[PDB]
Amino acid sequence: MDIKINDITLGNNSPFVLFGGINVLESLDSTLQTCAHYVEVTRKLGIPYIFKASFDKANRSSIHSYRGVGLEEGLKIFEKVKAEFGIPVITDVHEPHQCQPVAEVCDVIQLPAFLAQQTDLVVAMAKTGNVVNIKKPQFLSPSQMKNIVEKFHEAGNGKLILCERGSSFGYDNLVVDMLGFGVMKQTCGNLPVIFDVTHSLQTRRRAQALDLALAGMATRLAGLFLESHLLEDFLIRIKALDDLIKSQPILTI
Amino acid sequence: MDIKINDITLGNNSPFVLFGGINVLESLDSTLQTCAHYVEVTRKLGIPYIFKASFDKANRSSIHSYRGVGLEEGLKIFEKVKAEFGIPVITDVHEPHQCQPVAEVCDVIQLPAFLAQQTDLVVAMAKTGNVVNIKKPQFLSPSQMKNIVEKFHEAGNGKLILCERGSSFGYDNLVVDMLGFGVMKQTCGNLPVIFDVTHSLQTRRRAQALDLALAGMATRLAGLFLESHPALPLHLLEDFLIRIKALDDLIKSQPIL
Amino acid sequence: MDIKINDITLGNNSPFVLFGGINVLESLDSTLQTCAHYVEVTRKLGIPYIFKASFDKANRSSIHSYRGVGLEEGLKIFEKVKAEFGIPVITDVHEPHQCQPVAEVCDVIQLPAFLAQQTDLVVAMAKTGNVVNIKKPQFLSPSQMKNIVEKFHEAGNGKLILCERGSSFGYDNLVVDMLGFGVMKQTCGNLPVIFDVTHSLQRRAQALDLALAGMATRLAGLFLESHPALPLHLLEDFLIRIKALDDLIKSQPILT
Amino acid sequence: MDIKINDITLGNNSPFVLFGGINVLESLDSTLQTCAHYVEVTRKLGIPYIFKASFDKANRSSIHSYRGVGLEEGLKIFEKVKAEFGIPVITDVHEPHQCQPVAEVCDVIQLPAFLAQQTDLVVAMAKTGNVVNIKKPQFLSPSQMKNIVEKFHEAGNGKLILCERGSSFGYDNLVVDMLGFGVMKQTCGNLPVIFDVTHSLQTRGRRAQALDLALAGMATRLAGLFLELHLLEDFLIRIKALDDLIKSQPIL
Ligand SMILES: [Cl-]
Ligand SMILES: [Cl-]
Ligand SMILES: [Cl-]
Ligand SMILES: [Cl-]
Ligand code: NA
């Protein structure tokens, strides 16, 4: 199942979409600068691109780390990003009451992994009718993603993206089960699956991120998700592999 | 470090405290019945007791599943429990806004394991000044507990309990690392460590719960956390606690080293 | 099911048996000194005791680190231990050819974890008719122990001990699943289950917490190593604590 | 570091080599037939190929299960394979005493995963001077492989291949850490690393799964792939495409 996000088609058989940006929104000027860089690189390579940032990050490393500019100013910034570059945007939400006003502006709303089972947030997100990115918790098996999908469906929204971020592997370390992508596709109706390489790696380097991104994209994925000419060299390699993989028909039976 | 909860002393070298009750509050009458049984049994065995229940099941499999009585009715039930039995109570909170009204009634407020990283909820809980039970996520190592403790300390609340519930082990399975208890004691300032045997078995029986509870308490813990239904069958509670008390008494009588 | 090892009764509802000794037999006099200390401490506390050592360490840190004294001299040392102290002994075997000559002298023979699926060794060990200790591989689940047991049974030997050594937990880390003891008892006919606390680790407070936790589940024995690994002089204090817990547990009927 | 195996160049920046064949040798005729198929498919795709089989099944579900043909008869069969097809072969050894006679015939000798820390078998294998394939145990981390490599080096053999077969993941399951390949390259002197996809899937062996997993591993730039209506060819076509692309990009 493909999802149209403005003029982008997101799907496990479509050219990969890059989701990237900055961790937390700080100011209009700084956001536009970082976004302009992603936009310039992705436009040069012909890669569809969706700008990501948090306006109110609830799982910060310290209680006083900056949460972001907050909802009202954050949405103003996202409007400006959309107006300037004509690209879609994605942001996370953590309170039910935020979902509607965020969804007025942000094309894709994201369900944090730690909130993935919180029924009230699932419902409030579903009811926006917007495209939703579901971050897969590290302790959930790929066959359990269907239960989250089922709750969104009950609440009336099927425009769901499944975002891999690795799996708990003993203490601290995460490992990405390359077989999990296929399991999610088979059990969740072939919804777009994207790969958050960055999270998957923070518990373990450019060479690593490249190996791990390439390995995942070799399984045929709708997109690559990054958390905060290097970007260019990286994306050239990902695009090479993605173009190859996507040009070949799915093996048939 | 010990924590006083009314007349209870909770600590890793004190007689174990039972945190027991039910999954979710369903009615006043059922709650009082179950509680009365836990109270009668614990009083005769001389085990300090704190009644546990959730007022809301926030993460059920279906949007349409029964969720429990809710905050306003739930707090009314907890008030009645406290008035009738004179014991402390514990419940979980899932939204920052709930922390203050819950804390007015409930002696211990609990941070759900799935929410342990939710910084706004930590801060809201800390600011109540109540005793807090931190459920250790299945995906977090015992040496990472200190980062959660640090957050509560930076927010001004040091009355913290660390609650083991097992660790992720492959897909859809949990294992309890009996060494993790000592790691949490050594890295988190010897705050009280308790063991949720019920949720540690989620992915696996009476015999199993006893073996696991005995093993954990053998490491010298402040408390045991469990659920029953009329989860262990409620009528087996007394026999189960006799065994746990026997072991706890023995362990706590031996000097540390 | 209990197993008689000379005058010792080994079983999940019997007083625990200590299996202890050293890593590798390196010399006679030092072996006897160490054994003497285990004997004195276990005799004082009334704990049945089986002396453990390897004569041929097949998995060494370096290719030329000393393997140990080898079969012929190792068995002579075991005979001397048996003659001097009148206790049983346990050692591991790595090759089918070693099973007979080791079984003639040693009261328990041990199947190394890394060799647990090697059918020729299983058969050769089974055919000795000796008591066998099966070391559970860190990658095998407790419900897969029955398959090793089955192979010993097919080969005609039911005098089997199952020995927990922990489970692989991510990289380089082991966890002991306290529920695995019960799974092994329920699936393998209540054969004696013993706990190798030493190999389950990789320090004193940790070994004690882990040993107590395990023994709380009701086990036939505890398996450990010391160095002249727990320090040998703290042995008494350690065993006092284990015995206290074992005595309490075993004095209570199984919850039925 | 590359390894020459007759006319094959095995290395992490060389075209991938397929190591493939069968579980256990059962008879001369069925071996030749299977080998002929691998040869025909690999030759037409232009993929270097090494034939794999065991002469003995050392871990049998039953004491009375069939064990395979054994050393003497097995080595006869391997000699016939080499003579008929002019390819190298690989087999595993389980006892020190077997290493020299096996090594006279078999181009690559393999250290079984369960025996990787058996020092006497390491030494005996090293002393053959043959190319050795070291199967990484499911319970050993990638950073520990350097200790095995060190032993073989001390014993005088540097012609080592490191073979990934997955890592223990809870009970009765495996997962393959795609970052482990890089760890092994970086810590073991860039020795050839190959991927045993077959054994990595033991606990899951669907065709779509094997392909996804093989493609993912080969995306990390490996020396080879190890495995046991025209499934092999369809699979190899896709693997070769990806390998050619990855190998054509310069290392960063
Ligand atoms: Cl997570
Ligand atoms: Cl709970
Ligand atoms: Cl959890
Ligand atoms: Cl092992
Ligand atoms: Na004997």
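Basis of the calculations
Residues numbered from 1 in each chain as written, not as in the entry; some residues may be left out. Chains lettered and ligands numbered in written order. Heavy atoms only, no water. Residues with missing side-chain atoms left out of burial classes, pairs and counts. Helix = DSSP H or I, 4+ residues; strand = E, 2+ residues; numbered from the N terminus. Rg over C-alpha atoms; globule rule 2.2 N^0.38 Å. Contact = heavy atoms within 4.5 Å. Nonpolar A, V, L, I, M, F, W, Y, C, P; charged D, E, K, R; others polar. Donors = N, O, S within 2.8 Å, 3.2 Å for Na, K, Ca; no water. Buried < 20%, exposed > 50% of the residue type's maximum accessible area, 1.4 Å probe, protein only. Salt bridge = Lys/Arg side-chain N within 4 Å of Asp/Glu carboxyl O. Pairing = 2+ DSSP bridges. Axes fitted to C-alpha atoms, helices over the stretch in contact; angles between N-to-C directions. Buried area = accessible area lost by both parts, 1.4 Å probe. Polar contact = N/O pair within 3.5 Å; in protein donor to acceptor, adjacent residues only side chain to side chain. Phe/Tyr/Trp six-rings, centres within 6.5 Å; stacked < 30°, edge-to-face > 60°. Parallel < 35°, antiparallel > 145°, perpendicular 65-115°, else oblique. Left-handed = near helix turned anticlockwise from the far one by under 90°.

Novice: Could you give an account of the overall build of chain B, naming the residues involved and the relevant values?
Specialist: Check the secondary structure of chain B and you find nine helices and 13 strands. Computed over the C-alpha atoms, the radius of gyration of chain B is 17 Å, within 12% of the 18 Å expected from 2.2 N^0.38 for a compact globule of 257 residues. Taken along its principal axes, the extent of the C-alpha atoms in chain B is 45 × 40 × 40 Å.

Novice: Lay out the interface of chain D and chain A in plain terms, naming residues and giving numbers.
Specialist: The interface of chain D with chain A comprises 29 residues on the first partner and 28 residues on the second. Of all the secondary structure elements, the ones that give two or more residues to the side of chain D that touches chain A are strand 9 (167-168), helix 8 (207-218) and helix 9 (231-247) of chain D. Class assignment for the residues of the side of chain D that touches chain A results in 18 nonpolar, five polar and six charged.

Novice: Please give an account of the coordination of the sodium ion (ligand 5) that cites residues and values.
Specialist: Residues and elements named next belong to chain C. Within the protein, the sodium ion (ligand 5) binds to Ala 103 (O), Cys 106 (O) and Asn 130 (OD1); these donor distances fall in the range 2.3 to 2.6 Å. Of note, the donors binding the sodium ion (ligand 5) are all from one chain and are spaced A-x2-C-x23-N. Taken together, the positions of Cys 106 in the loop between helix 3 (96-105) and strand 6 (108-111) and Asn 130 in the loop between helix 4 (119-127) and strand 7 (131-135) put the pair 24 residues apart, joining distant regions of the chain. By relative accessible area, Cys 106 is classed as buried at 2%. Taking the relative accessible area as the measure of exposure, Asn 130 reaches 10% and is therefore buried.

Novice: If you had to explain the pattern of salt bridges to someone new, which residues and values would you point to?
Specialist: Within the structure shown, the criterion is met by 46 salt bridges over all chains. For D:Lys82, the salt bridge is made with D:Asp107, and the minimal N-O distance between the two is 2.8 Å. Pair noted here: D:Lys82 is in helix 2 (residues 71-85) and D:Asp107 is in the loop between helix 3 (96-105) and strand 6 (108-111), with a separation of 25 residues, a long-range link. Via salt bridges that share partners, A:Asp56, A:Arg60, A:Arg67 and B:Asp120 belong to a single interconnected network.

Novice: Which residues make up the side chain of C:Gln252, and what values go with them?
Specialist: Along the polypeptide, C:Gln252 turns up in the segment after helix 9 (235-250). Not counting residues up to four positions away in its chain, the partners in contact with C:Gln252 are B:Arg243, B:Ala246 and C:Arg218.

Novice: Mind laying out the sheet that holds strand 6 of chain D, listing which residues take part and the relevant values?
Specialist: Residues and elements named next belong to chain D. Strand order in the closed barrel made by the eight strands is 3-4-5-6-7-8-11-12, with parallel pairing throughout. Looking at each pair of strands side by side, their axes are set apart by 25 degrees on average, direction ignored. For strand 8 (residues 160-164) and strand 11 (residues 193-196), the ladder comprises three bridges, and the chain directions are parallel. From the neighbouring strand, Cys 163 faces strand 11, where its bridge partner is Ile 194.

Novice: How would you sum up the sheet that holds strand 6 (residues 108-111) of chain A? Please name residues and give values.
Specialist: All names here are of chain A. Ordered by their spatial adjacency, eight strands build a closed barrel running 3-4-5-6-7-8-11-12, and the pairing between neighbours is parallel. Adjacent strand axes in the sheet meet at a mean angle of 25 degrees when their direction is disregarded. One ladder, built from three bridges, connects strand 5 (residues 89-92) with strand 6; its direction is parallel. By the bridge assignment for strand 6, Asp 92 is matched with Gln 110. Against the sheet, helix 6 (residues 180-187) engages strand 8 (160-164) and strand 11 (193-196), with an angle of about 150 degrees to strand 11.

Novice: Help me get a handle on unusual backbone geometry, residues and values and all.
Specialist: A positive phi angle is found at B:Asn190, which is not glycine, with a value near 55 degrees. Along the chain, B:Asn190 turns up in the loop between helix 6 (180-187) and strand 11 (193-196). When its relative accessible area of 34% is taken as the criterion, B:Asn190 is described as partly exposed. In the Ramachandran plot, C:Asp172 falls in the positive-phi region, its phi being about 70 degrees despite a non-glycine side chain. You can see C:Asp172 is positioned in the loop between strand 9 (167-168) and strand 10 (174-175).

Novice: Which residues make up the interface of chain A and chain B, and what values go with them?
Specialist: Contacts between the two partners involve 30 residues from chain A, matched on the other side by 31 residues from chain B. At the boundary of chain A with chain B, total buried surface from both sides reaches about 2,700 Å², with 52% on carbon and sulfur atoms. Contact with chain B buries area across many residues of chain A, yet A:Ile63, A:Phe139 and A:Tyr171 alone supply 26% of it, more than any other trio. Between A:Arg60 and B:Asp120 there is a salt bridge; the shortest N-O distance is 2.9 Å. Run the count over chain A and chain B and you get 16 residue pairs in polar contact. Elements supplying a minimum of two residues to the side of chain A that touches chain B: helix 4 (119-127), helix 5 (145-154) and strand 9 (167-168) of chain A. It is helix 4 of chain A that provides the largest number of residues to the side of chain A that touches chain B, a total of three residues. Class assignment of the residues belonging to the side of chain A that touches chain B gives a composition of nine nonpolar, 13 polar and eight charged.

Novice: Can you explain the packing of aromatic side chains? Please cite residues and give values.
Specialist: Counted according to the given criterion, the structure contains 26 aromatic pairs over all chains. Ring geometry for A:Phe139 and B:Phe114: centres 5.5 Å apart, planes at 15 degrees, overall stacked. With A:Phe139 in the loop between strand 7 (131-135) and helix 5 and B:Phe114 in the loop between strand 6 (108-111) and helix 4 (119-127), this residue pair bridges two chains. A relative accessible area of 11% places A:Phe139 in the buried class.

Novice: Could you give me a rundown of the packing of helix 9 (residues 237-252) of chain B against helix 9 of chain C, with the residues and numbers involved?
Specialist: Contact pair helix 9 of chain B / helix 9 of chain C: the axes reach a minimum separation of 10 Å and the direction vectors enclose 160 degrees. Regarding the angle of helix 9 of chain B to helix 9 of chain C, the classification is roughly antiparallel. Between helix 9 of chain B and helix 9 of chain C the crossing geometry is right-handed. Residue-level contacts link B:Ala246, B:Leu247 and B:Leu250 of helix 9 of chain B to C:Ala244, C:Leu245, C:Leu248 and C:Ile249 of helix 9 of chain C. Here the residues of the contact of helix 9 of chain B with helix 9 of chain C sort into seven nonpolar, no polar and no charged.

Coordinates in, geometry out; function isn't part of it.
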